[PDB]
Amino acid sequence: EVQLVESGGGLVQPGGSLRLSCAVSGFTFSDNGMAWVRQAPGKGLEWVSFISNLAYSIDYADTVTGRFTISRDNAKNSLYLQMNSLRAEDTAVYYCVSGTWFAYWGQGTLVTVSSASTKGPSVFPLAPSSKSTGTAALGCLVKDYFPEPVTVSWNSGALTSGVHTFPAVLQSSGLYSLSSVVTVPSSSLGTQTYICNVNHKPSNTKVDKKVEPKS
Amino acid sequence: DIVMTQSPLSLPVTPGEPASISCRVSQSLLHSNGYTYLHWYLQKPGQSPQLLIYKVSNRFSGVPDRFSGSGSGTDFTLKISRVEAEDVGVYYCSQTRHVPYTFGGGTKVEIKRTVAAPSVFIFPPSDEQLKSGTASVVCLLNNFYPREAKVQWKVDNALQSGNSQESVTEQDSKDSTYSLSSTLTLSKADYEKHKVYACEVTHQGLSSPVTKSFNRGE
Ligand SMILES: [Zn+2]
Ligand SMILES: [Zn+2]
Ligand SMILES: [Zn+2]
């Protein structure tokens, strides 16, 4: 049971600072070299930094040579990354990673760098179309929020079959927008009730919207 | 300093058929040790990456015998003897041999499947969105294959451009099908003025382009 857990990620302003840490279980932390690797949204894996088993060697990527510091505390079995002069292209999921072979990967923590305000979404019902293919469709439009991510459940996780929650898209406005939809039987409309549960951790807003056919 | 180039960029496969990927390096990765520190990885959709093959050919623990690692010098190969739907995702190569440590740009493996046409649905703006001052008209394409598709918006038969954007799901676990949304943005003021809003969908699995629409009243 190898585990790597990252913390620290969140929204930062450009030229601002943010301290990432990674805690570890299931193997001898001090026998192992460690790394950070990042993945910009929609892009490949990019190696950031590396630190030796006893902190004697450290290595960095060209992009972050000036502003990123890798440090660790073997006594506390924890790995750190201090990121000082943050730009927009540093925005990514940051993975804590075992240094030999890159064999074990944390789940990642999302770092977002921009000057935009954290904004909560608005949730609008996508009311079910009148015609019956006997399939109807319905949904939730989650519009104008920043930053990522948002999560969408239906009836508190009880409805899962037929559900497509889409990848978000960045509007011209510089705000993210998103739809989650579900296909159902047409006859089931009167007998079943459809509520979308939208949670936006960054803004700390949570909204439940009832979807029903137009009056 | 040491550059990794993967081929091909995208690879769709019929399940049970074989698969093959190459990773080519700018400088020989052979070292004085006698070990070549080249490794292969998989990132399944929504998931963190994970080690498959290490030091060219060794299978990491947890990893099926279907996966093979091969080659030397500048040129290296990952093989999947029999492809499964488990295997969908992006495959990367990497070296830990000299600094800086470098990855490939990756190879997306997609599942090849029989053609299937989309069910199509169209949604007017909510009264709540109109009360805001914006309008967005959403057009859904559910459970279709393959991916490539032309969704086109008409307001009173005026073709629209540059005011719609699309997102696509990852292909389904059971189904292997995609789904897709197209979202058309317009002003409240303009939405009120016009009558008939139409989503024209073209797809290989349709004999000819198909349309779903509404009139603002009912
Ligand atoms: Zn060094
Ligand atoms: Zn579906
Ligand atoms: Zn108009």
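Order of the sequence lines fixes the chain letters, A, B, ..., with proteins taken first and strands second; residue numbering starts at 1 for each chain. Below, all heavy atoms of this structure are taken into account, side chains as well, without hydrogens, waters or symmetry copies. Just so you know, ligand 1 is whichever comes first in the structure, and atom 1 is the first atom listed for that ligand.
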The Zn ion (ligand 2) reached by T177(B) (N, O or S, under 2.8 Å): no

Using the ring of each side chain (for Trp, its six-membered ring), is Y178(B) parallel, tilted or perpendicular to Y145(B), with breaks at 30° and 60°? parallel

At the Zn ion (ligand 3), what angle lies between atom NE2 of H194(B) and atom OD1 of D190(B), rounded to 10 degrees? 140°

Plane angle bin for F27(A) and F29(A) - parallel if under 30°, tilted between 30 and 60°, otherwise perpendicular: tilted

Atom CZ of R24(B): over 12 foreign heavy atoms under 6.0 Å: no

Backbone or side chain, does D156(B) get an N/O/S atom under 2.8 Å to the Zn ion (ligand 3)? no

Residue of the set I51(A), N74(A), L4(A), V97(A) for which side chain to side chain contact (heavy atoms under 4.5 Å, CB included) holds with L79(A): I51(A)

Taking the Zn ion (ligand 2) as the vertex, what is the angle from OD1 of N142(B) to NE2 of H164(A), given to 10 degrees? 90°

